[PDB]
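The primary structure of each chain is shown beneath.
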Amino acid sequence: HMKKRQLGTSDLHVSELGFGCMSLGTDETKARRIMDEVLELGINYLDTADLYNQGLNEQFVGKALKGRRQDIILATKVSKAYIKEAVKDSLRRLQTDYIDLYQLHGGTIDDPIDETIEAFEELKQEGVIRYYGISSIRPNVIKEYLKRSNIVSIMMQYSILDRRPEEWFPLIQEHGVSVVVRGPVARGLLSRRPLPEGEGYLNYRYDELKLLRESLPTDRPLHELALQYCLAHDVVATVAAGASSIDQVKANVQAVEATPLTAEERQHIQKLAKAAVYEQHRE
Ligand SMILES: OC[C@H]1O[C@@](CO)(O[C@H]2O[C@H](CO)[C@@H](O)[C@H](O)[C@H]2O)[C@@H](O)[C@@H]1O
Ligand code: NA
């Protein structure tokens, strides 16, 4: 019942919900129980990289991979020497010999871009990684890697409340690249938790958040609307929703497996929600 999408033009076919951004805890036995359940749910994409300051314990993930490596798409994150030495450390902890998707974090336009690209290409030629991508909300970085590199994915914060990525979707898609979503529920603001009084989100004030929760369609839970809004864009290959329990993972799976938005439902959310753009790092 978990559908998959092609990650860019790569050979990786990733579950629409990916797993990351959940603590596996201190007990290895409990951690492996959590991972077994994740995989049992049909999630096959595991990103160990920090998302919102929460990553996955690589030693624990490594033990969960045992006997089924080929069935899992493993992503991690990281001048040529640094990029090479870094993935070696992850592989040792993960007890495997290749990463499916190796992603650059912290890229800027002032980095040594040719050197960086060459590092990833050499790792890919040698089979240490299968593909590479970036994690970025900087259009100037995105444009450079799309023009100059063979990235297959860009990880971006994206939700009903942060539509800044959408400006770049046509460009990304024209290059045959996919987006991997973080923050699809806006860190809880698109769920059942209260809106903290007086606090906003990006260019929303508190009162605008309150109003938008009320005005959005009420025929689906807000959490489901949020995940299905992300998925309603073909450029999106997978969404990495946050979870701090197996119950929360199952809730995410159920919402991703619900009926997709129609064209109409999508156009409706598009009208109701703000459509902001990135102010910084555009060029
Ligand atoms: O120029 C006003 C115009 O901007 C929007 C963009 O969504 O709202 C922004 O500006 C308001 C006035 O400063 C703020 O109250 C609001 O929080 C902010 O997003 C539009 O709603 C508005 O028409
Ligand atoms: Na534009």
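Here is what the cut-offs are and how they apply
- For each chain, numbering begins from 1 and proceeds through the sequence as written. The entry may number the same residues differently, and residues missing coordinates are not shown.
- Both sets of labels track the order of writing: A upward for chains, 1 upward for ligands.
- The side-chain quantities take in all heavy atoms of the structure and omit both hydrogens and water.
- UniProt positions are given in the numbering used here, feature names are shortened, and annotations may be inferred rather than shown by experiment.
- Here a cavity denotes a set of grid points, spaced 1 Å apart and computed over the protein atoms alone, in which a 1.4 Å probe fits but from which it cannot get out, and a pocket denotes an open set meeting protein on both sides within 12 Å along at least five of seven lines; residues with an atom within 4 Å of a point are reported as lining.
- Note on contacts: a residue pair qualifies if any of its non-hydrogen atoms lie within 4.5 Å across the two residues.
- Strands are runs of DSSP state E lasting at least 2 residues, helices are runs of H or I lasting at least 4, and numbering of each runs from the N terminus.
- If even one non-hydrogen atom of a residue comes within 4 Å of a molecule or strand, that residue is called near it.
- Polar contact is defined as a pair of N or O atoms within 3.5 Å, subject to the rule that within protein one atom must be able to donate a hydrogen and the other to accept it, and that residues adjacent in sequence are counted only when both atoms are side-chain atoms.
- Using the Shrake-Rupley algorithm and a 1.4 Å probe, accessible areas are obtained, with residue cover drawn only from the displayed protein chains.
- As a working rule, the residues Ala, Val, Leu, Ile, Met, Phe, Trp, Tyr, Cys and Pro are called nonpolar, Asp, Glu, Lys and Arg charged, and the rest polar, with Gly in that last group.
- Put simply, a salt bridge is a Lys or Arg side-chain nitrogen that is within 4 Å of an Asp or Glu carboxyl oxygen.
- Throughout this description, buried means an accessible area under 20% of the type-specific maximum (1.4 Å probe, protein chains only), exposed means over 50%, and partly exposed covers the range between.
- Grid points are joined across faces, edges and corners, and a volume is the space filled by probe spheres set on the points.

- Under the annotation held in the PDB entry, the protein chain carries the name oxidoreductase and is attributed to Bacillus halodurans.
- The title given to this entry in the Protein Data Bank is "aldo-keto reductase AKR11C1 from Bacillus halodurans (apo form)".

Things to note about the UniProt feature "binding site: NADPH" (unreviewed entry) in the protein chain
At step 1: In this numbering, the UniProt entry assigns the feature "binding site: NADPH" (unreviewed entry) to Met-22, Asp-47, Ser-135, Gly-183, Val-185, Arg-187, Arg-193, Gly-242, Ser-244, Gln-248 and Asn-252. Checking the named residues against the largest pocket, the ones that line it are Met-22, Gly-183, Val-185, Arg-187, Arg-193, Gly-242, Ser-244, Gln-248 and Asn-252.
At step 2: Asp-47 has contacts with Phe-19, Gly-20, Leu-56, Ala-75, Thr-76, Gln-103 and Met-155, leaving out every residue within four places of it along the chain.
At step 3: As for its placement among the helices and strands, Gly-183 is situated in the loop between β8 (178-182) and α7 (206-215).
At step 4: Excluding residues that lie within four positions of it along the chain, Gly-183 makes contacts with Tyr-52, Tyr-158, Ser-159 and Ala-240.

Digging into the site of ligand 1
At step 1: Taken together, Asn-203, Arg-205, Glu-208 and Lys-274 form the complete shell of residues around ligand 1.
At step 2: Here an oxygen atom of ligand 1 and a side-chain polar atom of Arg-205 are 2.9 Å apart.
At step 3: Surface burial for ligand 1 is 32%, taken as the share of its 470 Å² of free accessible area covered by protein chains.
At step 4: Its residues assigned to classes, the shell around ligand 1 shows no nonpolar, one polar and three charged.

Some points on the pattern of salt bridges
At step 1: All chains considered together, the criterion is met by 21 salt bridges.
At step 2: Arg-163 is the salt-bridge partner of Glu-166, the closest N and O atoms lying 2.9 Å from each other.
At step 3: Using a relative accessible area of 19% as the deciding quantity, one classes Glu-166 as buried.
At step 4: The partner of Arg-282 in a salt bridge is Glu-167, with the nearest N and O atoms 2.8 Å apart.

With respect to empty space enclosed by the protein
At step 1: There is about 40 Å³ of room inside the largest cavity.
At step 2: Looking at the largest cavity, the residues that line it are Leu-161, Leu-189, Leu-190, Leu-195, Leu-209, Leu-212, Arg-213 and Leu-216.

Quick word on helix α2 (residues 58-65)
At step 1: In terms of burial, α2 is largely enclosed, as six of its eight residues are buried.
At step 2: Against α1 (28-40), β3 (45-47), β4 (73-77) and α3 (80-94) lie the buried residues of α2.
At step 3: At the C-terminal side of α2, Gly-67 shows a positive phi close to 90°.

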